[PDB]
Amino acid sequence: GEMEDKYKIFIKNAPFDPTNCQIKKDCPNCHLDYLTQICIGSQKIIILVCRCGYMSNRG
Amino acid sequence: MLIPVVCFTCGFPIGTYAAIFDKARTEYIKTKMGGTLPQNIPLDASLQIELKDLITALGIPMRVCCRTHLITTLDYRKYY
Amino acid sequence: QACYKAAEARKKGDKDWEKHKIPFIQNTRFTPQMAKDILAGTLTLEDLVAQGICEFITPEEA
Ligand SMILES: [Zn+2]
Ligand SMILES: [Zn+2]
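Residue numbers (the authors' numbering), protein chains in the order written: chain G, 47 to 105; chain H, 1 to 80; chain B, 685 to 746.
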């Protein structure tokens, strides 16, 4: 399975990589205007992450 | 290595005015820039000065070919 | 910081929380005067690097 140990480091770094795509969406935790979106794997799972530590799908 | 004696395309004798044209163009471009170093004058900026009326004053007609060859020909004395 | 302060007004109960936000701005520091100085010979690449207007990038860092 993915999203757990295959890309744990990348997913934890995704908010800080400046070459990652952003999305104009408010953050529930820190109330930030923008979020970081990623799309990993052949199932194209969409994960939204934040600098404060927020992450979609109960991260 | 010089401006041709005649126009390559039609044969009009553009070369009887070549020396006058070269010197007069030098003076005219210097007047338009206003006394600047030859290297501080960009090659691009001096080529945008219109030489229509200077060529007209030489007596050369309004032919596309003659003005092309009088304006664009490279001089070997300025490269060696 | 303006986003955080707008949120601080928003949660506490201010109905004008969104007026604290500022617009985002991104730009380069290269100016038309620098281009003019380059064409005049008074400005160089190693002088543009010296004040951090440009930098060198290899395919690794790209
Ligand atoms: Zn957040
Ligand atoms: Zn001709």
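From the three backbone atoms N, C-alpha and C, an ideal C-beta is built for every residue, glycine too.
Spell out whether any CB of chain B is found under 8 Å from the CB atom of residue i.
{"i": "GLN48 of chain H", "result": "no"}
{"i": "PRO42 of chain H", "result": "yes"}
{"i": "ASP63 of chain G", "result": "no"}
{"i": "residue 15 of chain G", "result": "With chain G covering 47 to 105 only, the question about residue 15 of chain G has no answer from this structure."}
Using a Cβ-Cβ cut-off of 6 Å (strictly less than) and excluding sequence neighbours within five positions of residue i, which residues of its own chain qualify?
{"i": "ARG694 of chain B", "result": "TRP701"}
Excluding the 5 residues flanking residue i on each side, which residues of the same chain have their C-beta closer than 8 Å to its C-beta?
{"i": "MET33 of chain H", "result": "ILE41, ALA45, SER46"}
Helix, strand or coil for residue i? Go by DSSP, reduced to three states.
{"i": "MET718 of chain B", "result": "helix"}
{"i": "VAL6 of chain H", "result": "coil"}
{"i": "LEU43 of chain H", "result": "helix"}
{"i": "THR712 of chain B", "result": "coil"}
{"i": "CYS85 of chain G", "result": "strand"}
{"i": "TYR53 of chain G", "result": "coil"}
Within 8 Å (strictly less), CB to CB, does residue i reach chain G?
{"i": "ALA691 of chain B", "result": "yes"}
{"i": "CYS738 of chain B", "result": "no"}
Would you kindly work out how many angstroms separate the C-alpha atoms of residue i and residue j, rounded to a whole number?
{"i": "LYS54 of chain G", "j": "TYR688 of chain B", "result": "28 Å"}
{"i": "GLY11 of chain H", "j": "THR31 of chain H", "result": "32 Å"}
Among the options, which residue has its Cα nearest to the Cα of residue i?
{"i": "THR82 of chain G", "options": "G:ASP51, G:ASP63, G:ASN75, G:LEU94", "result": "G:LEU94"}
{"i": "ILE14 of chain H", "options": "H:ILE20, H:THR26, H:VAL6", "result": "H:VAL6"}
{"i": "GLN68 of chain G", "options": "G:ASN103, G:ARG97, G:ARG104", "result": "G:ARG97"}
{"i": "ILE20 of chain H", "options": "H:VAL64, H:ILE55, H:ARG63, H:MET62", "result": "H:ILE55"}
{"i": "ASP51 of chain G", "options": "G:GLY99, G:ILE86, G:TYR100", "result": "G:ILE86"}
{"i": "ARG25 of chain H", "options": "H:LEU37, H:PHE8, H:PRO38, H:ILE49", "result": "H:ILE49"}
Compare the C-beta of residue i with all C-beta atoms of chain H and state if any pair is closer than 8 Å.
{"i": "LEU723 of chain B", "result": "yes"}
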